[PDB]
Structure formats: C-alpha cells, structure tokens
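One structure below.
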Amino acid sequence: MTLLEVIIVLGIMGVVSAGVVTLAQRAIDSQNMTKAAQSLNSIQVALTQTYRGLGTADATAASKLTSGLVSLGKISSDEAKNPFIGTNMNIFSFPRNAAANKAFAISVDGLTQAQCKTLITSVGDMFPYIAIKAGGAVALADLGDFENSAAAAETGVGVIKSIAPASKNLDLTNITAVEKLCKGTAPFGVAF
Amino acid sequence: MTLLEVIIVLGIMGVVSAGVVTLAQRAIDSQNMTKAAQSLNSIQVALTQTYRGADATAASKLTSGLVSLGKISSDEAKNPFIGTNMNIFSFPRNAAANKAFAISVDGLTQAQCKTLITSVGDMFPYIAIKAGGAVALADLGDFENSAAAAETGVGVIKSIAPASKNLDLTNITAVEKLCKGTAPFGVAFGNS
Amino acid sequence: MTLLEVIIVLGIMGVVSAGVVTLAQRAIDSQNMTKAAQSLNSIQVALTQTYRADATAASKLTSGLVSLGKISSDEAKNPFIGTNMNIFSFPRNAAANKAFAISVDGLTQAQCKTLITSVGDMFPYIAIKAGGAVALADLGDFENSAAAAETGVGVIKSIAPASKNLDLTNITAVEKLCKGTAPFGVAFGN
Amino acid sequence: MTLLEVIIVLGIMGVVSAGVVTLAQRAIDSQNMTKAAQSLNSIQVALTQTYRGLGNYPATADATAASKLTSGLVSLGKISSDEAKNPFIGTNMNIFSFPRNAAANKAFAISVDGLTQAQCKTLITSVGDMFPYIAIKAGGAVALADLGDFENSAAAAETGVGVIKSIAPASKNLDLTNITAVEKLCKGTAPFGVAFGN
Amino acid sequence: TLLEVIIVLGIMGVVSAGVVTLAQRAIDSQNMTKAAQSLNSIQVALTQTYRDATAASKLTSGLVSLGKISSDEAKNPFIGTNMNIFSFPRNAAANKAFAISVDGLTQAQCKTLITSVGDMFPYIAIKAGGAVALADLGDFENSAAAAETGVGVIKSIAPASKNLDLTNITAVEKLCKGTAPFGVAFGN
Amino acid sequence: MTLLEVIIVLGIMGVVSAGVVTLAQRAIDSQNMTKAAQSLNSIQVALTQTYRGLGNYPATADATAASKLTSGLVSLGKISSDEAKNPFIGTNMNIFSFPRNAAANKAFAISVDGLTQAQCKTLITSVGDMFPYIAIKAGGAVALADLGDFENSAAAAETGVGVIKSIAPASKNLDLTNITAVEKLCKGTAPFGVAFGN
Amino acid sequence: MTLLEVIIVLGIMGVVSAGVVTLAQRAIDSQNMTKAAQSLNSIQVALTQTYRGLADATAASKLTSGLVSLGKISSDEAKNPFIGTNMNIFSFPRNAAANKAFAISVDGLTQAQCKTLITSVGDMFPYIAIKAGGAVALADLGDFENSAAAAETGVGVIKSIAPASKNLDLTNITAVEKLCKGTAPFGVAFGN
Amino acid sequence: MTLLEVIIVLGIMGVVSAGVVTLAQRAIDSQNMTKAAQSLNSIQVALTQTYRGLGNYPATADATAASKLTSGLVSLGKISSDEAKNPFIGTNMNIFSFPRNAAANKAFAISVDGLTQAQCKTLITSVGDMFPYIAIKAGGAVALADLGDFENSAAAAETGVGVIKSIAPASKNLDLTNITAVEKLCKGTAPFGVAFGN
Amino acid sequence: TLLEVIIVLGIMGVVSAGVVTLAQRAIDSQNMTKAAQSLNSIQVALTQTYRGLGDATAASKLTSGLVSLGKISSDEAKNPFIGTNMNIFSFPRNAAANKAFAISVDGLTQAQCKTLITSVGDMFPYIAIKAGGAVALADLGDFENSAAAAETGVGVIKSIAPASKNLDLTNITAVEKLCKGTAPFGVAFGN
C-alpha cells in the first residue's frame, strides 16, 4: 500500500485540479465580453432611436452626454458603465463624410493588448468605424472622418476599419491581421 | 472537481440571471409608455375631428363625457401611469375658448416624465411642465401667444409662436432641465 | 508490509476525507446561496411583471402570490430555515405602497455575508436589520434614506445619491457586516 | 523461522512492488490522455465559436504557417498556452486549413505529431468519436498535402494510413467492437501524426 | 539455535527503519498537497468577486469572515499563521495583481513547493533570509525574471523573461539559494 | 479523489438538474397559457369581424350545438384549427351566446371547461381583463342558461361560480392588487369551466 | 511479520478494492438516475407539445425510435441508461380513447432503483404504475382517468386521477416504505 | 486511496466531459434547423410575391445560375445576407426553376445542400407543411433532371428517395402526422438533398 | 534439547499475538473513516430533503427510508461497529416539533467515542453522549435550549445555546474529561 499513496497524491490530486484557474479566467473574460456586446447593442439602438433626427467636444462633454443619456432613461444605468473599469462609457461625435457632427463614437478607455484584441475580434461586425489609440485615451483629435479617413491595418493603430475606398479592413482570415492587431502600448483606447 | 464547481454554481450562474430584471424593468416601462403614446393620439384625433370646426372639475366632467360619447374606448381613455382618466383641458386659442385643447398627465416621477417627453410630444405643438402637483387652468397659456425656452426647466418648453425655442437632444442642459424640481410633475400637450 | 506501515497509510485517507468533506460543506453552502439568489430574482421578476400592513400581511401576500401561480412552491420558503419569506409593501420617496421588499430573516452572520455578497447586484436596495426581525417602521423609503455601510446595521445600499454604495473592494465596512446579535433580518427591495 | 522469513520478504515484497509502477504507467498515460482530450476539445470549441460564427477560416501554407497561426490564435486570448501545449511533445500543436467540398478556407484540422503506436491507438479509441474526420500519418508530421478533401476521402481502416474515419459515404469508420479494425489501426512507424478535422 | 531469532530481528529492524523513513516522506507529501489545494482555492476564490503584511492580514481575515475561504485554507500548514496575500502593481497599474506570500520554509520545503506548484502559478518570487515584502516585488508584467539567481522573481510572465526549467539538473540545483526563513510569492 | 465525484454527481448535478426541470415546466406551462391567450384574442377578433355590424350572432342551441357552431366556424377558415383547439385538452371551444339584456343571440361566450383549480388563476391572469365579461363554473360545465345576461349580471368577488367582471354598474370588479379578489376567485374543485364573454 | 502478518495485510487489501467497486456502482447509479430523469422530462414535453392537439412493446419501441427520428428527442436521452436500449412509450386509451394518453415504460430496475426514480421524478407525471417482478405489457395499462390507485399494494397503479383514487403522498415516509413492493425486475410506467 | 480508483474517476470525468460535446452539437443543430425553418418560408414568400405575376421564372440549369439568382434576390432586398445562407453547408442555397403541368419554368424549387438522415427527418417534419411538393434525393443534391413535374409526377413515400410528396392524381396521400410515414424517410445513402416545389 | 524449544516457542507466541490488536485498530480506523463519511452524507441528504417539511424502531425506519430514497447509499447507513443502521431521532427545537433531528450511533467504547467525536463533531452544532447503552429518544433535549457543559462527559456537550460552553477538540483537558462513564456509549449528532 505504501510508495503508492505518495505518487497518488503528488500527481493526480494536485494536477487534476490545477487547470481550473485558466477556465475561470476565460469564463470571467467571456462574461465581460457578453456584457460589453449587450451594452454596445443597447447604445447602438439608443443612438439610432435618438440621434436619428439628423442633428460633445471633449472628455468632459462626453461624460456629460453619457450621464444625460443615462438620465434620459433611454439606456439602463448599469449597462452604461464600462465592463473593464466600471465607469460610464465615453461617447463622442465626429464629422461623417466632411459633414460636421453627423457620426457617433463609443470610446472604451483603459484597455490592455489582450483586452483590445479580444473585444475587437468579438464586436468588429457592429461598427464599420473602429479606432485604436496605443498607450493613450481617446480624444477629439484622434477621431477622423467616417468616410474621409483611410485605414492602414498594417500598424493596427488609429482608424483600422472604415468604409473609405482605401481602407485595409480587418480580416478574420489573415495571420498578419492577427499579429499586427492592437499593436503598440497599453492602455489601448478603442472607439466605436 | 469540486473546485471550479464552486464557481460554476457561484457567479457564472448567478451573474447571468442578474440585471435581466432591470432589462425587464425597461421593457415594462416602455410597454406601458408604448400604449400610453397611442392613448394620447386617439384623444388628439378625436378632438381634432370634433372641436376643430374649464376648471379641473369641468375638465374631469368633459373627459368623462368624451369617454361616454363613444369617441374613445375606456382602455385608451385610462392613464396607465395613474389608474384613472387623463386630464383634458380646453384652453383658448387667442382668447377663443373651445378652439384649442390640451391634455395634461400628472403624478409621474422625473424619470417617467423625461421618458414620456422623449417618447411623445413630437406630435403636439404646445408642451408645458407643471411640477409639484397638478397643473392650474391659468398655467395653460394661450398657444399662439405662448413663448418657450427649454432652459427654463419648469413651465412651457415647446411652442410654435415666433418667440420660442424647442427641445434639443444633443444639449445636456436641455436634458437635465426637463421637468426638474419637486414631485409630482405634470406635462401638458396642446393642440388647436 | 507490516501492519504498522499499513495503518500508517490508513489515516491519510481519513485526512483527505475530512478535507473533501469540508470542501463539500462549502460547496453545499454555495449551492444554497445560488438557490436563494435564483428565488429572489424570480420573486423580483414576478412582482415587476404582475403589478405595474405588517409581517402578517407580508405572509398573506406571499401565500397569495404562491396561489396565483406567479412563483413555484419552494420559491416562497426560506432557502436557509424554510420559513415563508415576507413580502412587504413599503412607501417609496414619500409615495406610499409603491415599493416591494423581500425580507429573508433568521440568518446567521456567515449567511448575512454570503447572501449579501451574492445578491449585491440583483437588487438596487439592500437593508440589514439586526437583533431580531425587520419591521415596516424599521424600513425607510426607497429614496429618503442615505445608506451607510460603515455602520453595519440599517440600510447599506440605496439609490439616493447622497450615500456611498458598498463595494467589494472596501474591506472596512465588509468586516462589519451584520454586527450584532441573531437573528438578522435582511431586506432586498426594488 | 529463517527460510520462512526470507521467502515471505522476497515473494510478497517483490510481488507488491512490481505492480505499482506497472499500473502507475497506465495512470499517468490515462491522465495525460484526459488532459489532452480536454485541451483538444477546448481548441475545437474555441475555433467553432469564434471562426465558425463568420463562416470561413484562415488559410495555412505549410507547417511554419500552421504553427504561426496557432501561436497567433492562442496569443489572442481565445485560448491559453496551457490549452495549446501539446502534452506529448511539449510544444504547440499544428492547425492546418483544407477545403471542404473543394471550397477552400472551409475545413480545419488540428494535427498532433509525436505519438507512439500505443499512444496512437489509445488517443484514437478515446477521442475519435468526438471528431468526424480522423486521419493518420505514419513516420512523419502531418502536412497540407497529406490532408485530402473533406468529403472526397476514401478512408480505409485496414490500411492504418491516411484518413481512417470519414463521414463520406465512400468509406467506413472505426468500430470499437471490431478487433480487426484496431489491430490494423496505427500500423506503421513512429512518430505518428494524427489529425482531427472539422 | 538462538542466533536465528537474532538475525530475524536484525532483518526486521531495517524494514522498520525504512517504513518509518517512507512514512516521514509521506507526511511531507501530504502537507505539500494540502498547501497546494489551499493555494488553488485561494486563487479560485480571489478570481471571483475581485474581477504590507497588515493589509494582507486584514484581507485574509475578511475573506475567511465572508466564508469565501476556509480557516484551514488560510493558515499555512507549516507555521499555522495566515498566509499573507499581497496586492502589487501590474504593468504600471497599482494594486491590480495578487500574490500569495508564504513564509516559514526550509530549503527542501522550498524545492518541494516550487516543483509542486510550478504548474499552478505563472509567477514565482523567492525571498531568502526573510519574508516577501511589499517593496520586494516589482512590476507584474514587465519585470524580467532571473532564472539563475534562485532568489527574487525567477518565473515571470513578461515575454523578455525566461521561466524555470524542469529538465536540466543544474537548474534544479540552482533553486532557492539562501537562508531561512524563506518567503516565496506566487502571483497571478 | 473518490467519493468526490459521487458528491458532485449528487451534490449539485442532482439538484441543479431538478431545478432546471421545474423552471422548464413553469416556462412550458406559461407558453401554453400565452398560446391560449393568443387563441382567445384570435377567436374574439374573428367573431367580432365576421358576425358583427349586423345584429346577427349565430343562434346558440344546447352545448352540443355550441360545439358544432365552433366546428363550423373552424371549417369556414375564419379561425385556425389550433386556435380553436384548447392547449389543455385538445378539444374545441364552446362558443355560447348570452342574452344582452334579455336579447338572445346578441353576444358570444368562448367557454373553456375542464381544468384544475390552479389553472384557473393563471388563466384569468394570462388573458387579464381583455374580455370585459368574465365568468367561471366550478365542478361542472358552462351552458347557455348557466349564466345570466351580459350587462345585467352583477359582478362580485365571492361569486366563484358566476360573474366576476362585467360592464354592469356593479362595482368591485376584478383587480389584481386586491388580495381578497385574487383569493376568492377560483374557489372550488375541477372541472373548472370559465367563460370569456364579449 | 510471520506469514500471518502478510495474510492479514492481504485480507485488508481486498476490502479497499470492494469499497471502490461499490462506490463506482453508486456513481453509475446516480449518473443513470440523473440521465433518466432528464430524458423522461424531455420526452414528456415532446409528447405533450405535438400530440396534445390530437400497441405492444414492439410498436412502443418503433414509435420511440420514430420520435427520435421526429427530432423532438435525441438518441442519447431516448436510451434507457439502465438497460442500454431505447425506452418504450405505450399508446393506451384515456377513458376508452385510444392513442390519447401515453405512459413511458422503464424496465429492468430493482427496489432501490425504482424507489429512487419515483421519489425523484414523481411530480412530473399524474399517473404512476409499477409492474413488479417482470417486464411490461399493453394490458397492464388501464384507463388513465377511470382506474383507481392502490397504494398499500406497492405494485401497479399508485397514482391516478380517478375521484376515488388513493392520493399519492410523495413525501410520506410511510408510503415510501410501501413503495416498489415485490421482486425485481421492476417496470415503472409513468402515464399522462 | 488506490490507483485504479483514480483511473475510474478519471474515466467518469471523461464521460461527463464527453457528454458536453453531444449537448453542444444538438444545440447548434437545433439552432441551424430553426434558422432554416424561417429561411424556407422567407424564400417561398419572396419568390411567390415577386415572380408569380410574371408566369415564368428565370431559367436556371446549373448551380452557377441558381447561386447568381440567389445573390440577385439578396440584392433585391427580399432577403438579407443572413437569411439566404444555408446553415448546413454555410453558403447560399440553390434556387432552381423546375417544370410544372408538363411545361418548364412554371414553378420554383428550393434545394438544400447535403443533409443526413436526422437532418432529413427534422427538416421535413418541421417544414413540409408549408410546401405542396417535396422531393428527396440520396447521395448528391437534387439535380435539374431529378426535379420532376410539379403537377405531372407521382410520389413515392415508401422508398424515401425521389418524389416524396406530390399533387399528381396518382400521388399517395402524405400523412405527415403518422409516424409510419416518418419512419420511411430518405432510407438510402448519405448525404441527402431535399427540394421543396411551389 | 531443552533450552531452545521452550523459549523459542514462547517468543514466537508473543510475536504472533502482537499483530491481532493492530489489525483490530486498523479495522477500527477504517470504520471511523466510513462512519464520518456516512454521517456527512446523511447530514447533506437531511438538510437538503427534510428541511422545508420537517423512537429506536422509528429511527431505523427513517434510516431505511432515506436509504430507499437514493439520497444515501446502503453502505453509508450500516453502523459499522454493530452492523445495524444508525438511528435518526426527530425532536423539537425551541418548541418547533420535527424541525430538528439528530443521528445517533451506539455501541462504542471510550476510545472509539473520543476518536469519533474529535473527528466528526466539528460539523454538527449538537453533540450528546449517553453511557451504558443507546441514546434514548427522551435523552435528547432541546436542540437550542440545551446548555452545554463539556466537563460532564455525558449529556449535552456542544450546542448553540447562549449559555452553552462549546467544546474544544484541540484542548487536551476537555477530551480527557469527555465521554466519562461505562461502555457501551451512545453519541448523537444533530442539525
């Protein structure tokens, strides 16, 4: 019976239960991804139901507009908080096709490289306009035009996805689009 | 295996079934507001059919008469936020009584007030806000003589007479000022 | 081998068994907490869908809501002590009888801590009554009370913006959860 | 009481010590196979969750491109290195992409190389039911040319080479209640490279 | 003959000594397994609900208070004292990572714990002749690991780092060089 | 490691399996009730479109002829077969008439009979107050003479068998907030025969 | 050690393996019980979701295989875990109305298995019949509505909807002791 | 304890982890089936309400023209980029125009890709009620010549292959509710192709 | 000879008998582990099933019924030391009839009593001891109103009463003065 209990514990008993932490991390990150997807869908439907009448300047005005949309009752309060920091999402506006204040931007600040890649690969379909700021929060100058800004996905910075007829749109079947995606330095600033 | 079982039971199954009741809150609020939107337009079309060609007690008796007249079903005549019929107010159009009418909804919270002013109101030229309780007959200013300013926060907010300004959905000051003050709030929708 | 060596590796199995038994106790406590969370969420959803006084009235309302088929049978009894949960109709922001609070009473201190940590997000209003059971006069309004977490007794989460909402990264107030004597009436309202 | 003691010691101690390592070999192999199947099912789930929601899969060119694509995908956070660590060679597994019904970028195949004969048979009889397309390459790593078309396969279990399990009607599949199917299975030379495709 | 029972008892004594030594080794292995299970449950509990030595003591007391971790789980099976859990900066972000710091280890206990929980944590730090201090730890995602010093951060998650090896005997011999009490930190 | 898998199959795997089943039963019963509500609305609107405008509601004879009238309305194609097939027994409704102030053949009543006492509560709730006239018959069935007029039958609470809510000026109608209302309704035992008149 | 020590030790080596065998038996039993409960619930839902608006054991097996083919139930749950083959659903008359009621037949169980399956899945069926000491047959299925219950017998009909049936008390330990009386193999027919 | 019990509990964890792949497979299959159910109705409604007033339909005699017709229908806004995708293969379906009443190009046919036997029976039992004509082929997908006449071809539901539900005078009455007809569906070789004629 | 035979047979007899007691001790430790796991399983089954609902022969009947229900196995019900099934006693707590229960094991000596206590008693908030025989249904007082003075060794030694002085299994002087009396002993664990 002896010389068997030692290996029986020191192998199986420890190693069979050690692999759970990775799956717990993945489960928490996937829960946050689903919450972020639901929040982005809610913000998009609120935008196409409120700003559709064809009507912010800085981070302060962005927070003001976010808190107003919260107080408006158009979106639920908790769904306005970021699933990464817990604070209200940054909402900006930028000209669309050289027409000032015609497009909208949803800026999620304080993202790591892994978070950047995961969230963008998750929700790349909902927004034709997607931008990244490596090591910096999103601002008014960072946002280009919705159509007059060409995308160069080789660097994975700035406007990576757009509908301009020069944009290297993100591909889910290109390895260079995987490796170069969200390149730079943290904190990454993703704007939808 | 009991490890990661503690978490498949705790959180991963408890967080998913959390916040959906807030989404259910929003759904029920919008549904009550949905039929309420189609409960005001019916009165609008009926009164524009009838009268286009007084006090609170007279207001209530006229409302009950319009209900009993068969021009409106008891369902649409009932205010879903209160539990009774909505307040109908016939007000003069350039000192001409019975040539204009206004419908007042009272007993709503600031959140319900803002949501209702957003979801309805853009079908009625005259809009007023009486906070702290029911609206008075004197508060129902003449439509063609009224002047409006969304920054006032209390009183008339929208009119067509060439001395007014209307609501903006990109102005945080316009948002926060919507029926700001003490409860209950009362909002009037006026028509000729 | 010698019976000495055989009995040497015979209590090691007992130690592993005691460890796994403690782990199972913890897991079953967590399962009871999950049951409680699901029951509370179901009560909240049913109350919000169907609609829109004292402890005896609360028990009568609970029995009526069970008979109306809005909830299952076990969704009324206490997930810990098996008593019918109290559903109180208490005023909200100077408006009477426009707020509902589910009162799970008779908990221990560990029950306090774990149930609060489980349902901190399901309900926007959390209250703690110590030294016994909750009351209607004990519970304030939904918005007329500034929640205080450093006290460890009373309201710990309210929607009134004049309070500081309790969070899990705060260790001080969490250390003082259900400070007092048993029982511990804990009310969650929406 | 001298011959007695020596006989008891030799006999019983030897016979009790012998079986320990023999059954511990089986235990270690079983736990390795278990974690391998878990990680492989995790890779399959991640790939059919992320890249099947679109409808296509990235293109591979060779073993280098396959390994680079695997490293890129695992770096993305969809999976972890602990889940991509091949428990038979310690490095990462290979992920190739081949056409399904002659439509490129539609079929994928996770290939693991470095198995012995017994390891080949064990891994097959343990996981082959999960994946509808099972292929074998004896004495070599699985390449892109070694993977034929999805439904144009003609798997022959008695050969033990190439594809063995196919959903195509032009072939049969491994039957766990047939000793002739398994005795001819994993018939060749090491290192074996097994490919599980979807 | 009388010499028969003499050699019988002689040959019994060596088996007795061997089984006592093997029982001692088994006791050490059981203690190490209990420690590993406690550390794993600590990791798992901290993953949920969250995603100097005074702060660590307060944190473990609050966690055993909330029932998230058992009392036996927090007490080190080698000293009977609450294992200090330190929050330390990660990638220039302060107090967003967590490391379990255990103290009261010998060198054999050090080797055993490291070799047992190497697969358990992607971050390993050693403090020779003392306990892990709050300032002892650096950044969690940028500090390069020192795979040869046998002390400090030897297993780090930074890409520039080079983790520990379990196949080279010299690497195993280089493990955990210093004096007691040893303080070892496992972060994630 | 053993006795752990056992108290995992029984610890949570046993209890969470029964918990899902109960909620699944509740969800399926609620879906059947919502289908019955949709059926009620469809039959209501179809009848109030076809046999309306003129003062001719089809002359209702004894219960068998009421079932025949229902079958004829189905055969006419104005209502779908499943809509007129109750989701509780799989039979056809009983489309009775009601003398609207001693005026026979001037009203219509969709009768759903043969249900348990528990079903009565949610049945009243599921359709709510869409039907103005509400009636129930406990421990039996509903016929033409089994109920009074449409606008003269007084509504009350303790009634049980009889009227609950009517357009008549009899106050204290159906209200979900009154605990005495939801208590006294559906008093008795099956067969509960409820009548939704309009 | 004197060859008696070793014999004693080897005697203590057989009790450990027998305990492992018994624990594996219990684990298999619990897994099969969970599988059987879930499958019974799913099959009842499938049958009462497509046949509510509308022979021998061989015909029962044929119709079960067709229901698996119908896509209402899967192949894994259709197989009774205790026997390794597909379950049987008997089309028996409901108050002399053939093909209007069903009863799922489970066979090959003993006293403990029958009792556990009953106390676990009794609530989901309004008819409980247990044929003790043999297989099942179409004859053993009386009218679902006209047959009375026999609780004290511990065999056959114990739960029925007839107005004079012996009302089943699931949680009554007295009736629990009287459950699944007779010999093995038992056949449990859950009717509806 | 011992080490064989470790192997036992490892194999039990392996079984409980092998159940989840079948669970997820059935889930994703039910999802694809539910999507195809509405896709068939969308295709039928669009094709009817668009090209019924023109008498004839665009002549397609190969997969290329049919796929281009599907792309044109997507461009016409009658269907979207997600509705036109066949959830089994992954790409757009094949919409052929097949003869009717001895005259060619008078009706249209919706041909699915390669389906299995479970897919056969699920799809047909769920969708065939919304289509007058049904044809099933084994091996490859239904071809052009395989598409018989809409009104001038008898059916054969006992063989499972060929015409399974037609409206010719000699067509056997298809009892889509009797399990005896269901058990005789596409009894042949996989994959299978199904064409809904309307 | 005369020297060798007698002394060698005596020494062989001494060394032969020295292992039977050790085998008995090993079997007793196995029985202790089995009983601890069985008591844990019975506690789990009871607190899950008979919480929202609520003599010797009756106790054995409840034990056999719980075995029949499948929540507990047949193995984990047989009292290993006596081969019978463990008693399950129903008794009120704070005048709440049948809302409390206590599983009773009987037929133990002092060493078995102390070992079983110090092993399993940390799970149950109620421990009682009866000496000389089995725990009678009347011997079990209130689950909550019973003050616990562990110095007695027989009677209420662990409870949740405000005046109850809880045990200390680590304390040596407590366990040394525990379970005092005459064997066989009976110990009840309650919830």
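Ordering of the structure tokens sets the chain letters (A, B, ...), residue numbers begin anew at 1 in every chain, and ligands are numbered from 1 in the order given.
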Can you write out as JSON lines which residues of chain F fall within 9 Å of chain I, alongside each residue's closest atom pair and its distance in Å to one decimal, counting only C-alpha atoms and ordering rows by chain and ascending residue number?
{"residue": "F:3", "atom": "CA", "partner": "I:37", "partner_atom": "CA", "distance": 8.8}
{"residue": "F:7", "atom": "CA", "partner": "I:41", "partner_atom": "CA", "distance": 8.3}
{"residue": "F:10", "atom": "CA", "partner": "I:71", "partner_atom": "CA", "distance": 7.8}
{"residue": "F:11", "atom": "CA", "partner": "I:44", "partner_atom": "CA", "distance": 8.4}
RMSD after least-squares fit, chain H onto chain F [all C-alpha atoms, in order]:
2.7 Å
Counting only C-alpha atoms, chain F residues within 9 Å of chain G, as a JSON list (two decimals) with N, CA and C atoms, in the first residue's frame:
[["chain", "number", "residue", "atom", "x", "y", "z"],
["F", 2, "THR", "N", -11.77, 9.76, -4.90],
["F", 2, "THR", "CA", -13.08, 9.13, -4.94],
["F", 2, "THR", "C", -13.95, 9.68, -3.81],
["F", 3, "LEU", "N", -15.26, 9.46, -3.96],
["F", 3, "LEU", "CA", -16.30, 9.97, -3.06],
["F", 3, "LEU", "C", -16.45, 11.48, -3.27],
["F", 5, "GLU", "N", -16.28, 12.65, -6.80],
["F", 5, "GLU", "CA", -17.14, 12.54, -7.97],
["F", 5, "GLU", "C", -18.56, 12.16, -7.58],
["F", 6, "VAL", "N", -18.72, 11.34, -6.55],
["F", 6, "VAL", "CA", -20.05, 10.93, -6.13],
["F", 6, "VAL", "C", -20.81, 12.11, -5.54],
["F", 7, "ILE", "N", -20.15, 12.92, -4.72],
["F", 7, "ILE", "CA", -20.85, 14.01, -4.05],
["F", 7, "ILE", "C", -20.86, 15.23, -4.97],
["F", 9, "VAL", "N", -21.80, 14.38, -8.46],
["F", 9, "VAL", "CA", -22.98, 13.93, -9.20],
["F", 9, "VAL", "C", -24.24, 14.13, -8.36],
["F", 10, "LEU", "N", -24.15, 13.94, -7.04],
["F", 10, "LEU", "CA", -25.30, 14.16, -6.18],
["F", 10, "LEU", "C", -25.36, 15.56, -5.58],
["F", 13, "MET", "N", -25.03, 18.29, -9.23],
["F", 13, "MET", "CA", -25.53, 17.77, -10.50],
["F", 13, "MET", "C", -26.91, 17.15, -10.35],
["F", 14, "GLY", "N", -27.21, 16.60, -9.18],
["F", 14, "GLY", "CA", -28.56, 16.12, -8.93],
["F", 14, "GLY", "C", -29.55, 17.25, -8.73],
["F", 17, "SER", "N", -30.17, 19.70, -11.78],
["F", 17, "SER", "CA", -30.96, 19.06, -12.83],
["F", 17, "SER", "C", -32.45, 19.14, -12.53],
["F", 18, "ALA", "N", -32.83, 18.96, -11.26],
["F", 18, "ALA", "CA", -34.23, 19.08, -10.89],
["F", 18, "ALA", "C", -34.68, 20.53, -10.89],
["F", 21, "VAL", "N", -35.55, 21.42, -14.44],
["F", 21, "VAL", "CA", -36.79, 20.78, -14.86],
["F", 21, "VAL", "C", -38.00, 21.57, -14.36],
["F", 22, "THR", "N", -37.97, 22.00, -13.09],
["F", 22, "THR", "CA", -39.09, 22.76, -12.54],
["F", 22, "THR", "C", -39.29, 24.06, -13.30],
["F", 25, "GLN", "N", -40.70, 23.27, -16.67],
["F", 25, "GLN", "CA", -42.13, 23.02, -16.56],
["F", 25, "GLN", "C", -42.91, 24.32, -16.47],
["F", 28, "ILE", "N", -42.90, 26.11, -19.87],
["F", 28, "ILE", "CA", -43.75, 25.47, -20.86],
["F", 28, "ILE", "C", -45.22, 25.70, -20.54],
["F", 82, "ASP", "N", -55.69, 25.00, -34.76],
["F", 82, "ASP", "CA", -55.01, 25.02, -33.46],
["F", 82, "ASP", "C", -55.53, 26.14, -32.57],
["F", 85, "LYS", "N", -58.43, 24.84, -30.94],
["F", 85, "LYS", "CA", -58.09, 23.66, -30.16],
["F", 85, "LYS", "C", -57.39, 24.11, -28.89],
["F", 86, "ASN", "N", -58.07, 23.96, -27.76],
["F", 86, "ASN", "CA", -57.50, 24.39, -26.49],
["F", 86, "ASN", "C", -56.20, 23.66, -26.21],
["F", 87, "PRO", "N", -55.18, 24.35, -25.68],
["F", 87, "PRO", "CA", -53.90, 23.69, -25.38],
["F", 87, "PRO", "C", -53.88, 22.91, -24.08],
["F", 88, "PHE", "N", -55.04, 22.64, -23.48],
["F", 88, "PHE", "CA", -55.14, 21.91, -22.23],
["F", 88, "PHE", "C", -55.76, 20.53, -22.39],
["F", 89, "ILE", "N", -56.74, 20.39, -23.28],
["F", 89, "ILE", "CA", -57.38, 19.10, -23.53],
["F", 89, "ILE", "C", -57.31, 18.69, -24.99],
["F", 90, "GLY", "N", -57.08, 19.60, -25.93],
["F", 90, "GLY", "CA", -57.10, 19.25, -27.34],
["F", 90, "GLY", "C", -58.49, 19.09, -27.92],
["F", 91, "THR", "N", -59.47, 19.83, -27.40],
["F", 91, "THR", "CA", -60.84, 19.82, -27.89],
["F", 91, "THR", "C", -61.19, 21.19, -28.45]]
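Counting only C-alpha atoms and comparing B:98, B:104, B:110, B:146, the residue that lies closest to residue 192 in chain B is B:98.
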Any idea which chain C residues end up within 8 Å of chain A if we count only C-alpha atoms, as a list in words please?
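Listed by rising number, the hits are residues 5, 6 and 9 of chain C.
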Could you save the residues just selected, with N, CA, C and O atoms, as a tab-separated table (two decimals), in the first residue's frame?
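Dumped to result_31.tsv:
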chain	number	residue	atom	x	y	z
C	5	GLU	N	3.00	-0.22	9.03
C	5	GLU	CA	3.05	0.55	7.79
C	5	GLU	C	1.70	0.60	7.09
C	5	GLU	O	1.38	1.59	6.42
C	6	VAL	N	0.88	-0.45	7.25
C	6	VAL	CA	-0.45	-0.44	6.64
C	6	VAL	C	-1.33	0.60	7.33
C	6	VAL	O	-2.07	1.34	6.66
C	9	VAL	N	-0.36	4.44	6.29
C	9	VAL	CA	-1.25	4.91	5.24
C	9	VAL	C	-2.60	4.22	5.44
C	9	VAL	O	-2.99	3.31	4.70
Which polymer residues have any atom within 9 Å of an atom of range 70-80 of chain G, counting only C-alpha atoms, with same-chain residues fewer than 3 positions away left out, as a VMD selection string?
(chain G and resid 32 35 to 36 38 to 40 42 to 43 45 to 47 50 64 to 67 83 to 88 106 to 107) or (chain H and resid 22 26 30 118 to 119 121 to 123 125 to 126 179 182 to 183)
Pull out every residue of chain C that has at least one atom within 9 Å of chain F, counting only C-alpha atoms, and report them as a ChimeraX atom specification.
/C:16-17,20-21,24,27-28,31,35,50-51,60-61,64,67-72
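Taking only C-alpha atoms into account, residue 81 in chain E lies nearest to E:56 out of the set E:93, E:5, E:56, E:180.
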I need the contact residues of chain A against chain B, so if you could list those with any atom within 8 Å, counting only C-alpha atoms, and return them as a compact mmCIF listing (two decimals) with C-alpha atoms, in the first residue's frame, that would help.
# COMPACT_ATOMS: atom_id res chain seq x y z
CA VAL A 16 -6.11 17.29 -11.99
CA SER A 17 -7.45 20.36 -10.15
CA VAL A 20 -9.34 25.18 -13.38
CA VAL A 21 -7.88 28.68 -12.91
CA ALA A 24 -12.18 30.55 -14.55
CA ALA A 27 -15.21 32.38 -18.11
CA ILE A 28 -14.93 35.78 -16.42
CA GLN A 31 -18.91 37.08 -19.28
CA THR A 50 -32.49 59.24 -30.56
CA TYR A 51 -29.85 60.83 -32.81
CA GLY A 55 -28.73 66.52 -35.51
CA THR A 56 -19.90 66.89 -27.24
CA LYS A 64 -21.98 64.86 -19.64
CA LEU A 65 -23.69 63.37 -22.70
CA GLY A 68 -27.63 62.60 -19.85
CA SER A 71 -30.84 60.19 -17.01
CA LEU A 72 -32.89 60.17 -20.23
CA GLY A 73 -33.95 56.61 -19.42
CA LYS A 74 -33.01 55.53 -22.94
CA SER A 76 -30.13 51.36 -18.18
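If only C-alpha atoms are the atoms counted, then among C:43, C:102, C:155, C:55 the closest residue to chain B is C:43.
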List the spatial neighbours of residue 6 in chain G as JSON, numbers by chain - criterion: any atom at most 10 Å away, only C-alpha atoms, same-chain residues fewer than 3 positions off excluded.
{"C": [1, 2, 3], "D": [8, 9, 12, 13], "G": [1, 2, 3, 9, 10, 11, 12]}
Please extract the residues of range 36-165 of chain E with a backbone DSSP assignment of alpha helix (DSSP H) and present them as a ChimeraX atom specification.
/E:36-47,53-65,71-74,107-117
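Minimum atom-to-atom distances from A:151, A:141, A:98, A:120 to chain D were compared using only C-alpha atoms, and the lowest value belongs to A:120.
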By how many Å are CA of residue 54 in chain A and CA of residue 152 in chain B apart?
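CA of residue 152 in chain B lies at a distance of 24.8 Å from CA of residue 54 in chain A.
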I'd like the contact shell of residue 48 in chain F - 10 Å cut-off, only C-alpha atoms, skipping same-chain residues fewer than 3 positions apart - returned as a list in words.
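Surrounding residues, per the criterion: residues 42, 43, 44, 45, 51, 52, 53, 57, 107, 108 and 198 of chain F.
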